[PDB]
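Undergrad: This is the content of protein-v4.cif (mmCIF, C-alpha atoms and all ligand atoms):
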data_entry
#
loop_
_atom_site.label_atom_id
_atom_site.label_comp_id
_atom_site.auth_asym_id
_atom_site.auth_seq_id
_atom_site.Cartn_x
_atom_site.Cartn_y
_atom_site.Cartn_z
CA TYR W 307 -38.67 13.42 7.27
CA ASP W 308 -38.47 11.52 3.91
CA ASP W 309 -40.28 12.34 0.65
CA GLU W 310 -37.99 10.67 0.32
CA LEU W 311 -34.95 11.82 2.27
CA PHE W 312 -34.72 8.64 4.34
CA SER W 313 -34.05 6.32 1.38
CA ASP W 314 -31.29 8.57 0.05
CA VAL W 315 -29.73 8.80 3.50
CA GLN W 316 -29.78 5.00 3.76
CA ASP W 317 -28.03 4.71 0.39
CA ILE W 318 -25.28 7.02 1.64
CA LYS W 319 -24.89 4.86 4.76
CA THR W 320 -24.66 1.74 2.60
CA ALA W 321 -21.86 3.34 0.55
CA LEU W 322 -20.00 4.37 3.70
CA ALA W 323 -20.17 0.78 4.98
CA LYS W 324 -18.64 -0.45 1.71
CA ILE W 325 -15.74 2.05 1.77
CA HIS W 326 -14.83 1.10 5.40
CA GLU W 327 -14.79 -2.58 4.47
CA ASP W 328 -12.46 -1.66 1.60
CA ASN W 329 -10.25 0.06 4.16
CA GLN W 330 -10.10 -3.10 6.24
CA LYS W 331 -8.96 -4.98 3.16
CA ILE W 332 -6.35 -2.40 2.35
CA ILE W 333 -4.99 -2.50 5.91
CA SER W 334 -4.73 -6.50 5.96
CA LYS W 335 -2.62 -6.35 2.83
CA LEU W 336 -0.40 -3.56 4.20
CA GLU W 337 0.27 -5.69 7.28
CA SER W 338 1.27 -8.66 5.11
CA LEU W 339 3.52 -6.47 2.94
CA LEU W 340 5.29 -5.16 6.04
CA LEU W 341 6.59 -8.68 6.65
CA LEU W 342 8.79 -7.91 3.64
CA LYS W 343 11.07 -5.71 5.75
CA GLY W 344 12.12 -8.77 7.78
CA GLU W 345 12.78 -10.79 4.60
CA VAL W 346 14.99 -8.24 2.95
CA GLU W 347 16.96 -8.02 6.31
CA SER W 348 17.38 -11.81 6.02
CA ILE W 349 18.83 -11.55 2.55
CA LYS W 350 21.45 -9.16 3.84
CA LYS W 351 22.49 -11.65 6.57
CA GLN W 352 22.58 -14.44 3.96
CA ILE W 353 25.05 -12.45 1.87
CA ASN W 354 27.21 -11.73 4.95
CA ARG W 355 27.23 -15.46 5.71
CA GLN W 356 28.64 -16.09 2.22
CA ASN W 357 31.36 -13.54 2.86
CA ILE W 358 32.30 -15.28 6.13
CA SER W 359 32.62 -18.77 4.65
CA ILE W 360 34.62 -17.54 1.66
CA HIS W 361 37.05 -15.75 3.95
CA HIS W 362 37.55 -18.94 5.94
CA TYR N 307 -34.51 20.08 10.80
CA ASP N 308 -36.31 17.00 12.06
CA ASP N 309 -34.51 15.46 15.03
CA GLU N 310 -34.25 12.05 13.39
CA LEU N 311 -32.76 13.71 10.32
CA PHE N 312 -30.11 15.40 12.50
CA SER N 313 -29.31 11.99 14.19
CA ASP N 314 -28.79 10.52 10.74
CA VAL N 315 -26.53 13.36 9.63
CA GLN N 316 -24.45 12.98 12.79
CA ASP N 317 -24.03 9.30 11.93
CA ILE N 318 -22.67 10.20 8.51
CA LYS N 319 -20.20 12.61 10.10
CA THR N 320 -19.09 9.85 12.50
CA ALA N 321 -18.54 7.44 9.59
CA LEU N 322 -16.41 9.87 7.57
CA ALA N 323 -14.22 10.78 10.55
CA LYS N 324 -13.55 7.06 11.02
CA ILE N 325 -12.65 6.62 7.34
CA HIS N 326 -10.21 9.52 7.61
CA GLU N 327 -8.58 7.94 10.68
CA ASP N 328 -8.14 4.74 8.71
CA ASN N 329 -6.54 6.79 5.94
CA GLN N 330 -3.96 8.01 8.46
CA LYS N 331 -3.13 4.44 9.42
CA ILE N 332 -2.82 3.43 5.75
CA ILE N 333 -0.48 6.34 4.92
CA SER N 334 1.67 5.63 7.98
CA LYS N 335 2.22 2.06 6.84
CA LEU N 336 3.04 3.21 3.30
CA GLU N 337 5.71 5.55 4.60
CA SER N 338 7.34 2.59 6.37
CA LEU N 339 7.17 0.45 3.21
CA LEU N 340 8.90 3.22 1.25
CA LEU N 341 12.02 2.69 3.38
CA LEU N 342 12.32 -0.58 1.48
CA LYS N 343 13.67 1.18 -1.40
CA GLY N 344 16.87 2.21 0.48
CA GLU N 345 17.22 -1.34 1.82
CA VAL N 346 17.11 -2.88 -1.65
CA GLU N 347 19.73 -0.41 -2.98
CA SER N 348 22.00 -1.42 -0.11
CA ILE N 349 21.69 -5.06 -1.18
CA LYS N 350 22.89 -4.18 -4.70
CA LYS N 351 25.94 -2.47 -3.15
CA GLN N 352 26.57 -5.45 -0.87
CA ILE N 353 26.71 -7.67 -3.95
CA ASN N 354 29.01 -5.17 -5.70
CA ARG N 355 31.22 -5.20 -2.61
CA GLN N 356 31.37 -8.98 -2.86
CA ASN N 357 32.36 -8.78 -6.53
CA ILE N 358 35.24 -6.45 -5.72
CA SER N 359 36.53 -8.70 -2.93
CA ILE N 360 36.51 -11.65 -5.29
CA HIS N 361 38.50 -9.71 -7.90
CA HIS N 362 41.16 -8.64 -5.36
CA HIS N 363 41.51 -12.20 -4.13
CA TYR O 307 -33.80 23.98 3.12
CA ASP O 308 -32.93 24.73 6.74
CA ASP O 309 -29.82 26.88 7.25
CA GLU O 310 -28.34 24.47 9.78
CA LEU O 311 -28.99 21.47 7.52
CA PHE O 312 -27.12 23.19 4.70
CA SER O 313 -24.14 23.81 6.97
CA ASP O 314 -23.99 20.16 8.00
CA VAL O 315 -24.25 19.13 4.34
CA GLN O 316 -21.34 21.50 3.68
CA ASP O 317 -19.40 19.82 6.50
CA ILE O 318 -20.00 16.45 4.87
CA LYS O 319 -18.72 17.69 1.50
CA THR O 320 -15.52 19.04 3.07
CA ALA O 321 -14.92 15.63 4.66
CA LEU O 322 -15.34 13.77 1.36
CA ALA O 323 -12.88 16.18 -0.29
CA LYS O 324 -10.33 15.49 2.44
CA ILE O 325 -10.78 11.72 2.04
CA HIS O 326 -10.36 12.08 -1.74
CA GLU O 327 -7.18 14.02 -1.07
CA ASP O 328 -5.95 11.17 1.13
CA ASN O 329 -6.68 8.77 -1.75
CA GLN O 330 -4.46 10.65 -4.19
CA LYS O 331 -1.60 10.58 -1.69
CA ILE O 332 -2.09 6.84 -1.16
CA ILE O 333 -2.10 6.18 -4.91
CA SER O 334 1.07 8.25 -5.33
CA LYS O 335 2.91 6.19 -2.73
CA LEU O 336 1.79 2.91 -4.21
CA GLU O 337 3.03 3.93 -7.68
CA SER O 338 6.44 4.65 -6.17
CA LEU O 339 6.38 1.30 -4.35
CA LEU O 340 5.68 -0.58 -7.59
CA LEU O 341 9.12 0.50 -8.79
CA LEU O 342 10.42 -2.10 -6.35
CA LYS O 343 9.52 -4.91 -8.73
CA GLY O 344 12.09 -3.72 -11.28
CA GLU O 345 14.74 -3.35 -8.59
CA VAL O 346 14.22 -6.90 -7.29
CA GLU O 347 14.49 -8.33 -10.85
CA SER O 348 17.71 -6.38 -11.24
CA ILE O 349 19.06 -8.17 -8.15
CA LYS O 350 18.23 -11.54 -9.71
CA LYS O 351 20.28 -10.57 -12.79
CA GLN O 352 23.15 -9.23 -10.66
CA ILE O 353 23.37 -12.53 -8.79
CA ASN O 354 23.34 -14.37 -12.13
CA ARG O 355 26.20 -12.22 -13.44
CA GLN O 356 28.21 -13.35 -10.41
CA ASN O 357 27.54 -16.95 -11.37
CA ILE O 358 28.79 -16.27 -14.90
CA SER O 359 31.85 -14.63 -13.32
CA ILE O 360 32.59 -17.73 -11.21
CA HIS O 361 32.22 -20.22 -14.09
CA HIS O 362 34.76 -18.36 -16.20
CA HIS O 363 36.81 -18.57 -13.02
CA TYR P 307 -37.79 17.10 -0.27
CA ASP P 308 -36.28 20.39 -1.42
CA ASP P 309 -34.79 20.39 -4.93
CA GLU P 310 -31.61 22.18 -3.85
CA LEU P 311 -31.23 19.61 -1.06
CA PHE P 312 -31.72 16.83 -3.62
CA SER P 313 -28.80 18.11 -5.70
CA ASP P 314 -26.59 18.23 -2.62
CA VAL P 315 -27.52 14.63 -1.78
CA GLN P 316 -26.77 13.58 -5.37
CA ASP P 317 -23.38 15.29 -5.07
CA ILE P 318 -22.63 13.33 -1.92
CA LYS P 319 -23.46 10.10 -3.72
CA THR P 320 -21.21 10.94 -6.64
CA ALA P 321 -18.21 11.59 -4.37
CA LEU P 322 -18.73 8.29 -2.53
CA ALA P 323 -18.82 6.40 -5.85
CA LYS P 324 -15.55 8.07 -6.85
CA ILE P 325 -13.88 7.17 -3.53
CA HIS P 326 -14.95 3.54 -3.97
CA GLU P 327 -13.48 3.60 -7.46
CA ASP P 328 -10.21 4.80 -5.96
CA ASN P 329 -10.44 2.04 -3.36
CA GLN P 330 -10.58 -0.53 -6.16
CA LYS P 331 -7.44 0.84 -7.77
CA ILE P 332 -5.57 0.91 -4.46
CA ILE P 333 -6.51 -2.74 -3.94
CA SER P 334 -5.35 -3.72 -7.45
CA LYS P 335 -1.97 -2.11 -6.76
CA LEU P 336 -1.60 -3.92 -3.33
CA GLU P 337 -2.26 -7.28 -4.97
CA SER P 338 0.54 -6.57 -7.47
CA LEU P 339 2.93 -5.60 -4.66
CA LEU P 340 2.14 -8.86 -2.85
CA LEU P 341 3.79 -10.90 -5.61
CA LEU P 342 6.99 -9.40 -4.22
CA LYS P 343 6.83 -11.99 -1.44
CA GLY P 344 7.56 -14.71 -3.99
CA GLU P 345 10.33 -12.68 -5.66
CA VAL P 346 12.23 -12.06 -2.43
CA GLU P 347 11.90 -15.81 -1.74
CA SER P 348 13.35 -16.58 -5.19
CA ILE P 349 16.42 -14.54 -4.29
CA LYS P 350 16.91 -16.44 -1.02
CA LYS P 351 16.97 -19.72 -2.98
CA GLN P 352 19.26 -18.25 -5.67
CA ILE P 353 21.80 -17.32 -2.98
CA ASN P 354 21.59 -20.82 -1.48
CA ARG P 355 22.26 -22.33 -4.92
CA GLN P 356 25.48 -20.32 -5.09
CA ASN P 357 26.54 -21.73 -1.74
CA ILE P 358 25.96 -25.26 -2.99
CA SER P 359 27.85 -24.68 -6.27
CA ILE P 360 30.68 -23.20 -4.25
CA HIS P 361 30.81 -26.24 -1.96
CA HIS P 362 31.04 -28.64 -4.91
CA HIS P 363 33.30 -26.10 -6.61
CA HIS P 364 35.59 -26.12 -3.60
CA CA G 401 -7.94 3.93 1.15
#
Could you show the structure in this file as structure tokens?
Ligand SMILES: [Ca+2]
TA:
Amino acid sequence: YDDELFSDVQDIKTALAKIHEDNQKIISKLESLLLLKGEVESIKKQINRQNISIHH
Amino acid sequence: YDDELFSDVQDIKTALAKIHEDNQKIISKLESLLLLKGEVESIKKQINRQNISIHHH
Amino acid sequence: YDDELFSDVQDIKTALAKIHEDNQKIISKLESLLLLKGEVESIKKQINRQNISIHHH
Amino acid sequence: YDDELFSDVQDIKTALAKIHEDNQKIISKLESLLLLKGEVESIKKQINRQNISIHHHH
């Protein structure tokens, strides 16, 4: 083994570690973005509340 | 095919399979986010509905 | 170049191609999502038009 | 270290570099999307302002 297969293999492993870390970052931001769905539901309630007061 | 070399190759295969699984999770979340699109359009209509009510008053 | 080693190397290449394919799908979805920013700005204008409507009475 | 095997290893490296490059772009797009959080918040305030004007208006 090597000559020098081992060094190349290590480099591949180092790259794989970097991509996975990237994935973790991509997932954190998706989770934060998902909170948007609740906010845009809130806007629709806020508009309905306006409609209720105006009717009154 | 040195045994240690095979061990190392198996590790690489294990890493890639994990990355692919993460990709599935990422795509699943994106599909959910896409539904936002319909929700926003509905808000524009809700405002238009409001405008009509105000005119008829 | 051992025959089994070559096959495992081939298996690795197939996996990278699949991950790359996942990437393109992810990018496509994110481009669609970015269209949201224009839609939200449009809502801000639509609400402002209502305000102009109310002032004129 | 067989020369054919070396090419195949180089090929693997090239694909990984390309995937990382894609990862960067995906991240840049997510950061842009995040600014949406502020925009949706701006709308919530804009609606509240209407309610206040209306109260003074009425
Ligand atoms: Ca990704």
Undergrad: Quick one: residues within 7 Å of ligand CA 401 (chain G), with all atoms listed in the file, as a JSON list (two decimals) with C-alpha atoms, in the frame of the given file?
TA:
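Below is the file that was written, selection_28.json:
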[["chain", "number", "residue", "atom", "x", "y", "z"],
["W", 329, "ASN", "CA", -10.25, 0.06, 4.16],
["W", 332, "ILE", "CA", -6.35, -2.40, 2.35],
["N", 329, "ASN", "CA", -6.54, 6.79, 5.94],
["N", 332, "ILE", "CA", -2.82, 3.43, 5.75],
["O", 329, "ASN", "CA", -6.68, 8.77, -1.75],
["O", 332, "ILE", "CA", -2.09, 6.84, -1.16],
["P", 329, "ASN", "CA", -10.44, 2.04, -3.36],
["P", 332, "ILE", "CA", -5.57, 0.91, -4.46]]
Undergrad: Using all atoms listed in the file, find each residue in chain P having at least one atom no more than 7 Å away from chain W; report its shortest atom-to-atom pair and that distance in Å (one decimal), rows by chain then rising number, as a tab-separated table.
TA:
residue	atom	partner	partner_atom	distance
P:307	CA	W:309	CA	5.5
P:319	CA	W:318	CA	6.4
P:322	CA	W:321	CA	6.6
P:326	CA	W:325	CA	6.0
P:329	CA	W:328	CA	6.5
P:333	CA	W:332	CA	6.3
P:336	CA	W:335	CA	6.7
P:340	CA	W:339	CA	6.4
P:343	CA	W:342	CA	6.8
P:350	CA	W:349	CA	6.4
Undergrad: Determine, counting all atoms listed in the file, which protein, DNA and RNA residues have an atom within 12 Å of an atom of residue 312 in chain N; residues of the same chain fewer than 3 positions away are not included. Present the result as an mmCIF file with C-alpha atoms, in the coordinates of the input.
TA:
data_model
loop_
_atom_site.group_PDB
_atom_site.id
_atom_site.type_symbol
_atom_site.label_atom_id
_atom_site.label_comp_id
_atom_site.auth_asym_id
_atom_site.auth_seq_id
_atom_site.Cartn_x
_atom_site.Cartn_y
_atom_site.Cartn_z
ATOM 1 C CA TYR W 307 -38.670 13.420 7.270
ATOM 2 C CA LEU W 311 -34.950 11.820 2.270
ATOM 3 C CA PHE W 312 -34.720 8.640 4.340
ATOM 4 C CA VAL W 315 -29.730 8.800 3.500
ATOM 5 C CA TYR N 307 -34.510 20.080 10.800
ATOM 6 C CA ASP N 308 -36.310 17.000 12.060
ATOM 7 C CA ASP N 309 -34.510 15.460 15.030
ATOM 8 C CA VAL N 315 -26.530 13.360 9.630
ATOM 9 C CA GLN N 316 -24.450 12.980 12.790
ATOM 10 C CA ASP N 317 -24.030 9.300 11.930
ATOM 11 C CA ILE N 318 -22.670 10.200 8.510
ATOM 12 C CA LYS N 319 -20.200 12.610 10.100
ATOM 13 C CA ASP O 308 -32.930 24.730 6.740
ATOM 14 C CA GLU O 310 -28.340 24.470 9.780
ATOM 15 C CA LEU O 311 -28.990 21.470 7.520
ATOM 16 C CA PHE O 312 -27.120 23.190 4.700
ATOM 17 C CA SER O 313 -24.140 23.810 6.970
ATOM 18 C CA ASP O 314 -23.990 20.160 8.000
ATOM 19 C CA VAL O 315 -24.250 19.130 4.340
#
Undergrad: So that I can see what lies close to range 346-360 of chain O, please list as a PyMOL selection string the residues with an atom at most 8 Å from it, counting all atoms listed in the file and leaving out residues fewer than 5 positions away in the same chain.
TA: (chain N and resi 346+350+353+357) or (chain P and resi 345-346+349+352-353+356)
Undergrad: By how many Å are CA of residue 328 in chain O and CA of residue 330 in chain W apart?
TA: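 Computed distance, CA of residue 328 in chain O to CA of residue 330 in chain W, equals 15.7 Å.
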Undergrad: Could you tell me how far CA of residue 341 in chain O lies from CA of residue 330 in chain N, in Å and to one decimal?
TA: 22.9 Å
